[PDB]
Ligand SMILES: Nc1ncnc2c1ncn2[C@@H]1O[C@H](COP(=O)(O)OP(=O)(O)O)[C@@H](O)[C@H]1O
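One chain follows as C-alpha cells, the form solved without the ligand.
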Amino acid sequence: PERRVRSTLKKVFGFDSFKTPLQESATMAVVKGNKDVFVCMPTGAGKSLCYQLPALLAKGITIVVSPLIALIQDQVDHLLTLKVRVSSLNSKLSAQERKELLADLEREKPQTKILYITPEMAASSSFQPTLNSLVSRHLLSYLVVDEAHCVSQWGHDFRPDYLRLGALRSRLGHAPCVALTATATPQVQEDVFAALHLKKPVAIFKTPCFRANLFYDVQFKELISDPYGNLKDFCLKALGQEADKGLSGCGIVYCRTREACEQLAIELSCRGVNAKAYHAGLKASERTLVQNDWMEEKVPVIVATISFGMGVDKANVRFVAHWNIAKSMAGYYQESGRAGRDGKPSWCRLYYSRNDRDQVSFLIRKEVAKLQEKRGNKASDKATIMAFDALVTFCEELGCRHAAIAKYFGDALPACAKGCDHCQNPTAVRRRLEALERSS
C-alpha cells in the first residue's frame, strides 16, 4: 500500500522521498480514496503530486479542472516528460485533436489516464455526452479542482465558471474530489467546501505559516524620540550575531514611497549602517547594480518600496524592517518571510503609526475605487480592505504575533518559544500599547 506509492514515487516521478510528511499524508489520504481532500500548500511544495501520483495508482481516469490554459499546459508538458498518458481538452486544439481525444475517452480502457480541462469545457455542450459515458462506465477515479479558491468571491481571483463545479462534483458522486490551492483563509476554505459540495469528513492538508526562527515585534514610531536611530540599532543587533566576523548577513527595509526609501537609506548610511535605495524610480542599470551589491554583500542593507518590492531571494537575510505598514497581512507575511531562509535566527519588525495606517487605509480605497470604475463592484473589494484591517489589528492588539498570523491564515495555534515581543515580555508590550492610547 505505502510500497505501491513509494514504488511509483521513484519509478515514475523519480523521487526517493516526499518533500514533507504533510505532502506524504495528503498523497496517502487521496490514494485511500474514501474522502474528499483539501490541499493548501505554497507554490513549490509538490501539491500536484498529491493527485497525479494517486491518479496513476487508481483503476480509472482522473479529470483535473484548472482555470486557465497556461496553468494546464505547465503540468501536461511536465507529465509528458515522465511518459505519463496525460491529455488536455481545450480550444487551443485542432478540431481533429479534440475529436481524437473525445474518441479516446469513449473507449473501454482509454489511453488517457489524466485529463486536464477548463471549467468552460467541463460545462460545454460538446463534452456532456463524453462526461456522461465516463460516469456510466464508472471510469472516473478522481475529480480534481485546481485553483479551488477561484470558487470564492472572498478570494483574490473569483471565477463564475467555478460555480458550476459543485454541480459537477455532485454528478461525480461515485468519485472522490481533491481541491487544491496555495491561498485560502478560513472564509475561502468554507466557501471551497460548500461551493464544490465536498463530502464531510473533508481531509485537510494545509502548510502552516509559522516560522520558528523569525522574531516578530511591532514598534510605535509615535512613542520613539529617534526613530531612525531605533532602526539603526535594530539593524546592528540583527547584523551582529557573529561579532568576530564583524557585520554578518543582510537586511531589507520596506517603505511606502521612493522619497522615504531614498531618505531612510541616507539616514541609515549616516548613522553607520550602509543602505541603498531600490525602487521603480531608478534606471534598470541602477537597480541591477544595487541588487547585485546587496546579493554580494558589498552593501548590507537594501531599502525597497512595498509597491516595487524585491525581485530576488537570499539565504542570510537577518532582518526585515517595515518602516511603513504593508498593504495586507499576506503582503506582510511574504515580505517579512524573505528573512531567515537559512533557518538561523532573524528579526521581523513592523514600525507602526496611526498616521501610516490612515495613509494606507486611504490609498487602498483609491486603488479599489479605480478598479470599480473600470470593471464594476466585487466582494474582493471588501476582501482587500479586510486584508489590511487584519494587519492593523496585528499592530494594535496584545497577543502572540505568530498566533495572530496563524489565526488570519487558518492555522493551529503555533509553538512560539518566546519567539515574538508579546511572548518574550507581555507587560512591556501592554506598557507600549497603553502609551499609544495616551497619544490618541
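In case it trips you up, residue 1 is the first one in the sequence shown, and so on.
S.K.: Determine, among the other compared PDB entries that model residues flanking residue 78, whether at least a third leave it unmodelled.
M.R.: No, residue 78 is modelled in every other compared entry.
S.K.: Please determine whether residue 179 lacks coordinates in at least a third of the other PDB entries of this protein that model its flanking residues.
M.R.: It is not, since residue 179 is included in all of the other entries that model both flanking stretches.
S.K.: Comparing 34-42 with 61-69, where is the mean C-alpha B-factor higher?
M.R.: Comparing 34-42 with 61-69, the higher average CA B-factor belongs to 61-69.
S.K.: Out of 78-86 and 188-196, which one has CA B-factors that are higher on average in the deposited record?
M.R.: So the stretch with the higher mean C-alpha B-factor is 78-86.
S.K.: Could you tell me which one of 339, 321, 312, 168 shows the highest CA temperature factor in the PDB record?
M.R.: The record points to 312.
S.K.: Select one of 295, 330, 252, 270: the residue whose C-alpha shows the highest B-factor in the crystal structure entry.
M.R.: That would be 270, according to the entry.
S.K.: Considering every modelled residue of the chain and its Cα B-factor in the PDB entry, is residue 411 in the lowest, middle or highest third?
M.R.: CA B-factor rank for residue 411: lowest third.
S.K.: Taking the C-alpha B-factors as the PDB entry records them, is residue 399 in the lowest, middle or highest third of its chain?
M.R.: For residue 399, the deposited C-alpha B-factor lands in the middle third.
S.K.: Sorting the chain's modelled residues by C-alpha B-factor, tell me whether residue 371 ends up in the lowest, middle or highest third.
M.R.: Residue 371: CA B-factor falls in the highest third of its chain.
S.K.: Lowest, middle or highest third of the chain for the C-alpha temperature factor of residue 126?
M.R.: According to the entry, residue 126 has a C-alpha B-factor in the chain's highest third.
S.K.: Comparing against every modelled residue in the chain, figure out the third that the C-alpha B-factor of residue 147 lands in (lowest, middle or highest).
M.R.: Its C-alpha B-factor belongs to the lowest third of this chain's values.
Unshown form solved in complex with the ligand; subsequent notes refer to it.
S.K.: Just superimpose the C-alphas near the binding site, carry the ligand over as positioned in the entry with it bound, and say whether the shown chain is open or blocked by the 2.4 Å backbone or C-beta rule (3+ atoms for blocked).
M.R.: Output flag = open.
S.K.: Using heavy atoms only and a 4.5 Å cut-off, determine which of 390, 45, 56, 383 is in contact with the ligand in the entry with it bound.
M.R.: The residue in contact is 45.
S.K.: Does residue 17 reach the ligand in the entry with it bound if we count a contact as any heavy atom within 4.5 Å?
M.R.: Residue 17: contacts the ligand in the entry with it bound.
S.K.: Using the partner position in the entry with it bound, report whether residue 49 sits within 4.5 Å of the ligand, counting heavy atoms only.
M.R.: Residue 49 belongs to the contact set for the ligand.
S.K.: Even though the partner isn't displayed, in the entry with it bound is residue 78 close enough to the ligand, meaning a heavy atom within 4.5 Å?
M.R.: Yes, residue 78 sits close enough to the ligand in the entry with it bound that at least one of its heavy atoms falls within 4.5 Å.
S.K.: Given a 4.5 Å cut-off on heavy atoms, tell me which of 371-379, 60-68, 36-44, 391-399 is the interface stretch with the ligand in the entry with it bound.
M.R.: Heavy atoms within 4.5 Å of the ligand in the entry with it bound occur in 36-44.
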